[PDB]
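**Q** So here's work_39.csv, just CSV, C-alpha atoms:
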chain,number,residue,atom,x,y,z
A,4,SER,CA,105.6,-45.1,67.1
A,5,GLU,CA,106.7,-43.0,70.0
A,6,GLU,CA,110.2,-43.3,68.6
A,7,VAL,CA,108.8,-41.3,65.7
A,8,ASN,CA,106.8,-38.6,67.6
A,9,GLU,CA,109.8,-38.1,69.9
A,10,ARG,CA,112.1,-37.7,66.9
A,11,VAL,CA,109.9,-35.1,65.3
A,12,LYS,CA,110.2,-33.0,68.4
A,13,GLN,CA,113.9,-33.4,68.5
A,14,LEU,CA,114.8,-32.6,64.9
A,15,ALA,CA,112.5,-29.6,65.1
A,16,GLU,CA,114.5,-28.2,68.0
A,17,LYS,CA,117.7,-29.0,66.2
A,18,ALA,CA,116.5,-26.9,63.2
A,19,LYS,CA,115.6,-24.0,65.4
A,20,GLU,CA,119.1,-24.2,67.0
A,21,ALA,CA,121.0,-24.6,63.7
A,22,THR,CA,123.6,-21.9,63.0
A,23,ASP,CA,123.8,-21.9,59.2
A,24,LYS,CA,121.2,-21.9,56.4
A,25,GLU,CA,122.6,-25.2,55.1
A,26,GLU,CA,122.2,-27.0,58.4
A,27,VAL,CA,118.6,-25.8,58.8
A,28,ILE,CA,117.7,-27.2,55.4
A,29,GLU,CA,119.5,-30.5,56.1
A,30,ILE,CA,117.5,-30.9,59.4
A,31,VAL,CA,114.3,-29.9,57.5
A,32,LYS,CA,115.0,-32.6,54.9
A,33,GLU,CA,115.4,-35.0,57.8
A,34,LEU,CA,112.0,-34.0,59.3
A,35,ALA,CA,110.4,-34.6,55.9
A,36,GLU,CA,112.1,-38.0,55.5
A,37,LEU,CA,110.5,-39.1,58.8
A,38,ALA,CA,107.2,-39.0,56.9
A,39,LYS,CA,108.5,-42.0,55.0
A,40,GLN,CA,108.7,-44.0,58.3
A,41,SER,CA,104.9,-43.7,58.9
A,42,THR,CA,101.5,-43.6,57.3
A,43,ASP,CA,99.9,-42.0,60.4
A,44,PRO,CA,98.0,-38.9,59.1
A,45,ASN,CA,98.8,-37.1,62.4
A,46,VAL,CA,102.6,-37.6,62.2
A,47,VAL,CA,102.7,-35.9,58.8
A,48,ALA,CA,100.4,-33.2,60.1
A,49,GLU,CA,102.8,-32.6,63.0
A,50,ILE,CA,105.8,-32.6,60.7
A,51,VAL,CA,104.2,-30.0,58.4
A,52,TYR,CA,103.4,-28.0,61.6
A,53,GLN,CA,107.0,-28.1,62.7
A,54,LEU,CA,108.2,-27.1,59.2
A,55,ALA,CA,105.8,-24.1,59.2
A,56,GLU,CA,107.3,-23.1,62.6
A,57,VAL,CA,110.9,-23.5,61.4
A,58,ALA,CA,109.9,-21.2,58.5
A,59,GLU,CA,108.1,-18.7,60.7
A,60,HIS,CA,111.3,-18.3,62.8
A,61,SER,CA,113.5,-17.8,59.7
A,62,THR,CA,114.3,-14.5,57.9
A,63,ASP,CA,116.0,-15.7,54.7
A,64,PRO,CA,113.4,-15.7,51.9
A,65,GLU,CA,115.1,-18.5,50.0
A,66,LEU,CA,115.3,-20.7,53.0
A,67,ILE,CA,111.7,-20.1,53.9
A,68,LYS,CA,110.6,-21.0,50.4
A,69,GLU,CA,112.6,-24.2,50.5
A,70,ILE,CA,111.1,-25.1,53.8
A,71,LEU,CA,107.6,-24.6,52.5
A,72,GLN,CA,108.2,-26.6,49.3
A,73,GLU,CA,108.9,-29.5,51.6
A,74,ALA,CA,105.7,-28.9,53.6
A,75,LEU,CA,103.6,-28.7,50.4
A,76,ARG,CA,105.3,-31.8,49.1
A,77,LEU,CA,104.3,-33.7,52.2
A,78,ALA,CA,100.7,-32.4,52.2
A,79,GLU,CA,100.4,-33.4,48.5
A,80,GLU,CA,101.7,-36.9,49.2
A,81,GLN,CA,99.1,-37.2,51.9
A,82,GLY,CA,96.2,-36.3,49.5
A,83,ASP,CA,95.3,-33.7,52.1
A,84,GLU,CA,93.8,-31.1,49.8
A,85,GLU,CA,93.1,-28.7,52.7
A,86,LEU,CA,96.6,-28.7,54.2
A,87,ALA,CA,98.2,-28.6,50.8
A,88,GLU,CA,96.2,-25.4,49.9
A,89,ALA,CA,97.5,-23.7,53.1
A,90,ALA,CA,101.1,-24.8,52.4
A,91,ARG,CA,100.9,-23.7,48.8
A,92,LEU,CA,99.6,-20.2,49.7
A,93,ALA,CA,102.4,-19.6,52.2
A,94,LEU,CA,104.9,-20.9,49.6
A,95,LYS,CA,103.4,-18.4,47.1
A,96,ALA,CA,103.8,-15.6,49.7
A,97,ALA,CA,107.4,-16.6,50.1
A,98,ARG,CA,107.9,-16.5,46.3
A,99,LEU,CA,106.3,-13.0,46.3
A,100,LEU,CA,108.7,-12.1,49.0
A,101,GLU,CA,111.7,-13.1,46.8
A,102,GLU,CA,110.2,-11.1,44.0
A,103,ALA,CA,109.6,-8.1,46.3
A,104,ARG,CA,113.2,-8.1,47.4
A,105,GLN,CA,114.3,-8.2,43.7
A,106,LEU,CA,112.1,-5.2,42.9
A,107,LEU,CA,113.5,-3.1,45.8
A,108,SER,CA,117.1,-4.1,44.7
A,109,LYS,CA,116.6,-2.4,41.4
A,110,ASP,CA,115.4,0.8,43.0
A,111,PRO,CA,116.4,0.7,46.7
A,112,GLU,CA,115.5,4.3,47.5
A,113,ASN,CA,112.0,3.8,46.1
A,114,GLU,CA,109.5,4.2,49.0
A,115,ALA,CA,106.8,2.3,47.0
A,116,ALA,CA,109.0,-0.8,46.7
A,117,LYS,CA,109.8,-0.5,50.4
A,118,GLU,CA,106.1,-0.5,51.3
A,119,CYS,CA,105.4,-3.4,48.9
A,120,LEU,CA,108.2,-5.4,50.6
A,121,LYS,CA,106.8,-4.6,54.1
A,122,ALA,CA,103.3,-5.6,52.8
A,123,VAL,CA,104.5,-9.0,51.5
A,124,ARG,CA,106.3,-9.8,54.8
A,125,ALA,CA,103.0,-9.3,56.7
A,126,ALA,CA,101.1,-11.3,54.1
A,127,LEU,CA,103.7,-14.1,54.4
A,128,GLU,CA,103.3,-14.1,58.2
A,129,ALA,CA,99.5,-14.2,57.9
A,130,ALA,CA,99.7,-17.2,55.6
A,131,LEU,CA,102.2,-19.0,57.9
A,132,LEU,CA,100.0,-18.6,60.9
A,133,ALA,CA,97.0,-20.0,59.1
A,134,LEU,CA,99.1,-23.0,58.1
A,135,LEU,CA,100.1,-23.4,61.7
A,136,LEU,CA,96.5,-23.3,62.8
A,137,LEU,CA,95.3,-25.7,60.1
A,138,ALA,CA,98.1,-28.1,60.6
A,139,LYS,CA,97.0,-28.6,64.2
A,140,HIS,CA,93.2,-28.1,63.9
A,141,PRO,CA,91.8,-28.8,60.4
A,142,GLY,CA,88.2,-28.9,61.5
A,143,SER,CA,88.3,-25.3,62.8
A,144,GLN,CA,86.1,-22.7,61.2
A,145,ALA,CA,88.9,-20.3,62.3
A,146,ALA,CA,91.7,-22.1,60.6
A,147,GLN,CA,89.8,-22.4,57.3
A,148,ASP,CA,88.7,-18.8,57.6
A,149,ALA,CA,92.3,-17.9,58.4
A,150,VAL,CA,93.5,-19.5,55.2
A,151,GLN,CA,90.8,-17.6,53.3
A,152,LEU,CA,91.9,-14.4,55.0
A,153,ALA,CA,95.6,-14.9,54.1
A,154,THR,CA,94.4,-15.6,50.5
A,155,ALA,CA,92.6,-12.3,50.3
A,156,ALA,CA,95.5,-10.5,52.0
A,157,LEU,CA,98.0,-11.8,49.4
A,158,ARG,CA,95.7,-10.9,46.5
A,159,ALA,CA,95.6,-7.3,47.8
A,160,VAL,CA,99.4,-7.2,48.3
A,161,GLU,CA,100.0,-8.5,44.7
A,162,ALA,CA,97.8,-5.7,43.3
A,163,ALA,CA,99.6,-3.1,45.5
A,164,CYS,CA,103.0,-4.5,44.5
A,165,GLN,CA,101.9,-4.5,40.9
A,166,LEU,CA,101.7,-0.7,41.1
A,167,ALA,CA,104.9,-0.2,43.1
A,168,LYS,CA,106.6,-1.7,40.0
A,169,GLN,CA,104.3,-0.1,37.4
A,170,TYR,CA,103.7,3.5,38.3
A,171,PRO,CA,105.6,4.7,41.4
A,172,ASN,CA,106.2,8.2,42.8
A,173,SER,CA,102.5,8.8,42.3
A,174,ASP,CA,100.1,9.8,45.1
A,175,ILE,CA,97.4,7.6,43.7
A,176,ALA,CA,99.5,4.4,43.6
A,177,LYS,CA,101.2,5.3,46.9
A,178,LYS,CA,97.9,5.1,48.8
A,179,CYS,CA,96.9,1.6,47.9
A,180,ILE,CA,100.4,0.3,48.8
A,181,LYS,CA,100.1,2.0,52.2
A,182,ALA,CA,96.6,0.5,52.5
A,183,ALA,CA,97.8,-2.9,51.4
A,184,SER,CA,100.6,-2.8,54.1
A,185,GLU,CA,98.0,-1.9,56.7
A,186,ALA,CA,95.7,-4.5,55.4
A,187,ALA,CA,98.4,-7.2,55.5
A,188,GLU,CA,99.4,-6.2,59.0
A,189,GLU,CA,95.8,-6.5,60.3
A,190,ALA,CA,95.4,-9.9,58.5
A,191,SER,CA,98.6,-11.1,60.3
A,192,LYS,CA,97.2,-9.8,63.6
A,193,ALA,CA,93.8,-11.5,63.0
A,194,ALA,CA,95.4,-14.8,62.1
A,195,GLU,CA,97.7,-14.6,65.2
A,196,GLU,CA,94.8,-14.3,67.7
A,197,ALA,CA,93.2,-17.3,66.0
A,198,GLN,CA,96.5,-19.3,66.1
A,199,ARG,CA,96.9,-18.9,69.9
A,200,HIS,CA,93.1,-19.0,70.4
A,201,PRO,CA,91.6,-21.5,67.9
A,202,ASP,CA,88.2,-22.1,69.7
A,203,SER,CA,87.8,-18.5,71.0
A,204,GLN,CA,85.0,-16.4,69.5
A,205,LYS,CA,87.0,-13.2,69.7
A,206,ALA,CA,89.5,-14.9,67.5
A,207,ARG,CA,86.8,-15.7,65.0
A,208,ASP,CA,85.6,-12.1,65.3
A,209,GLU,CA,89.0,-10.7,64.2
A,210,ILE,CA,89.5,-12.9,61.1
A,211,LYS,CA,86.3,-11.7,59.5
A,212,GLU,CA,87.0,-7.9,59.9
A,213,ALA,CA,90.3,-8.3,58.0
A,214,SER,CA,88.9,-10.0,55.0
A,215,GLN,CA,86.5,-7.1,54.2
A,216,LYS,CA,89.5,-4.8,54.6
A,217,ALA,CA,91.6,-7.2,52.4
A,218,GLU,CA,88.7,-7.3,49.9
A,219,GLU,CA,88.3,-3.5,49.9
A,220,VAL,CA,92.0,-2.9,49.3
A,221,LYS,CA,92.1,-5.4,46.4
A,222,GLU,CA,89.1,-3.6,44.9
A,223,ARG,CA,90.7,-0.2,45.7
A,224,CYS,CA,94.0,-1.2,44.1
A,225,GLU,CA,92.6,-2.7,41.0
A,226,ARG,CA,91.0,0.7,40.5
A,227,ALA,CA,94.5,2.2,40.4
Spell out the structure here as structure tokens.
**A**
Amino acid sequence: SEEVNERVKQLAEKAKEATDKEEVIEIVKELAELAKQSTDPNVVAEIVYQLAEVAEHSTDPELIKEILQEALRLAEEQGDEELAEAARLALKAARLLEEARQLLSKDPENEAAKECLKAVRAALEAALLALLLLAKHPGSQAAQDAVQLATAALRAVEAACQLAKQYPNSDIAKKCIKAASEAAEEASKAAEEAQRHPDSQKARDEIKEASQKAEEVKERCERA
């Protein structure tokens, strides 16, 4: 028992101290394997939580995505529909990040692609924070709302990024993408206050304000 909980904390630190992408992923796969040694729902929740943190402190999109596929795989094996939803969203934000980087690569001077990219980063961070909050406090109305926020934020970014690729160098399209970036950033800020302050009401107050914004930018961008 304690030999497991202690080991989760150790491997997590090892991953954060790793010096190459290949070592991070090897440690990550060792964290996931510890799930095999237990059926305790809390040990898997803690492992998923550590995976989200390893991902949140990484910058390589490919690595992040691989970390999150593991986290989703664990949630799915648990039958935990709620935690799997959160991991799958973050995973999808990471895949959008990979796509956003490809878009910019084809037209690196394109300010629309740059803004789309910045928007996805903020969306990814918002979804990762929600996952961190849920992984520790499933019953929270803030965690669940945070997941809902990150969902809305990502929908808006996808619409904004859709135009950055479709019709760029156009004032009309350039405004949504600017709004989407701002929307994603605020969503990331809201989800952060909630992550460090789950039970706080000011935390719950911030999450709600960002969804309306997220919802408005989605409706704004679909227009363009």
**Q** In file coordinates, which residues lie within 12 Å of (95.5, -31.4, 51.9) using all atoms listed in the file, given as a list in words?
**A**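 Those residues, ordered by chain and then number, are residues 44, 47, 48, 51, 74, 75, 76, 77, 78, 79, 80, 81, 82, 83, 84, 85, 86, 87, 88, 89, 90, 91, 134, 137, 138, 141 and 147 of chain A.
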**Q** To one decimal in Å, tell me the separation between CA of residue 72 (chain A) and CA of residue 57 (chain A).
**A**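 Value for the CA of residue 72 (chain A)-CA of residue 57 (chain A) distance: 12.8 Å.
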**Q** Please measure the separation of CA of residue 160 (chain A) and CA of residue 103 (chain A), giving the value in Å to one decimal.
**A**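 It comes out at 10.4 Å.
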**Q** Rank nothing, just name the residue among A:49, A:110, A:101, A:9 nearest to residue 68 (chain A), using only C-alpha atoms.
**A**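 Looking at the shortest contact to residue 68 (chain A), the residue is A:101.
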**Q** So that I can see what lies close to region 22-33 of chain A, please list as number ranges by chain the residues with an atom at most 8 Å from it, counting all atoms listed in the file and leaving out residues fewer than 2 positions away in the same chain.
**A** A: 14-15, 17-20, 35-37, 54, 66, 69-70, 73
**Q** With C-alpha atoms retained, write the just-selected residues as a PDB file, in the coordinates of the input.
**A**
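That gives us result.pdb:
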ATOM      1  CA  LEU A  14     114.800 -32.600  64.900  1.00  0.00           C
ATOM      2  CA  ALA A  15     112.500 -29.600  65.100  1.00  0.00           C
ATOM      3  CA  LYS A  17     117.700 -29.000  66.200  1.00  0.00           C
ATOM      4  CA  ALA A  18     116.500 -26.900  63.200  1.00  0.00           C
ATOM      5  CA  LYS A  19     115.600 -24.000  65.400  1.00  0.00           C
ATOM      6  CA  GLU A  20     119.100 -24.200  67.000  1.00  0.00           C
ATOM      7  CA  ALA A  35     110.400 -34.600  55.900  1.00  0.00           C
ATOM      8  CA  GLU A  36     112.100 -38.000  55.500  1.00  0.00           C
ATOM      9  CA  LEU A  37     110.500 -39.100  58.800  1.00  0.00           C
ATOM     10  CA  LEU A  54     108.200 -27.100  59.200  1.00  0.00           C
ATOM     11  CA  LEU A  66     115.300 -20.700  53.000  1.00  0.00           C
ATOM     12  CA  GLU A  69     112.600 -24.200  50.500  1.00  0.00           C
ATOM     13  CA  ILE A  70     111.100 -25.100  53.800  1.00  0.00           C
ATOM     14  CA  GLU A  73     108.900 -29.500  51.600  1.00  0.00           C
TER      15      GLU A  73
END
**Q** Have a look at A:107, A:175, A:157, A:67 and name the one nearest to residue 190 (chain A); count all atoms listed in the file.
**A**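 Of all the options, A:157 lies closest to residue 190 (chain A).
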**Q** Rounded to one decimal in Å, what is the spacing between CA of residue 225 (chain A) and CA of residue 133 (chain A)?
**A**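 Distance reported for this atom pair: 25.4 Å.
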**Q** Would you kindly return, as a ChimeraX atom specification, each protein, DNA or RNA residue with an atom no farther than 8 Å from any atom of residue 180 (chain A), considering all atoms listed in the file and excluding same-chain residues fewer than 6 positions away?
**A** /A:115,118-119,122,160,163-164,166-167
**Q** For the selection you just gave me, I'd like the residues written to a file as a compact mmCIF listing (two decimals), in the frame of the given file, keeping C-alpha atoms.
**A**
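Contents of result12.txt, as written:
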# COMPACT_ATOMS: atom_id res chain seq x y z
CA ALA A 115 106.80 2.30 47.00
CA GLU A 118 106.10 -0.50 51.30
CA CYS A 119 105.40 -3.40 48.90
CA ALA A 122 103.30 -5.60 52.80
CA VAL A 160 99.40 -7.20 48.30
CA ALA A 163 99.60 -3.10 45.50
CA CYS A 164 103.00 -4.50 44.50
CA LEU A 166 101.70 -0.70 41.10
CA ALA A 167 104.90 -0.20 43.10
**Q** Measuring atom to atom with all atoms listed in the file, identify which of A:39, A:121, A:178, A:10 is nearest to residue 226 (chain A).
**A**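 Closest to residue 226 (chain A), using all atoms listed in the file: A:178.
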**Q** Restricting the calculation to all atoms listed in the file, which member of A:204, A:184, A:8, A:215 is positioned closest to residue 155 (chain A)?
**A**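 Checking each candidate against residue 155 (chain A), we get A:215 as the closest.
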**Q** I need the residue nearest residue 187 (chain A) from this list: A:50, A:71, A:129, A:55. Use all atoms listed in the file for the distance.
**A**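 Result for the nearest residue to residue 187 (chain A): A:129.
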**Q** Find the residue from A:224, A:106, A:34, A:156 that sits nearest to residue 120 (chain A); use all atoms listed in the file when measuring.
**A** A:106
**Q** Env of residue 154 (chain A): 9 Å cut, atoms = only C-alpha atoms, seq-sep filter 6 positions within chain, self excluded. Answer as a PDB file with C-alpha atoms, in the coordinates of the input.
**A**
ATOM      1  CA  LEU A  92      99.600 -20.200  49.700  1.00  0.00           C
ATOM      2  CA  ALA A 126     101.100 -11.300  54.100  1.00  0.00           C
ATOM      3  CA  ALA A 130      99.700 -17.200  55.600  1.00  0.00           C
TER       4      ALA A 130
END
**Q** Residues within 10 Å of residue 132 (chain A), please, as a PyMOL selection string. Count only C-alpha atoms; anything in the same chain fewer than 6 positions from it doesn't count.
**A** chain A and resi 55-56+59+89+93+138+146+149-150+153+191-199
**Q** For residue 223 (chain A), find every residue with an atom within 9 Å (counting only C-alpha atoms), except residues of its own chain fewer than 4 positions away, and show them as a PyMOL selection string.
**A** chain A and resi 159+179+218-219+227
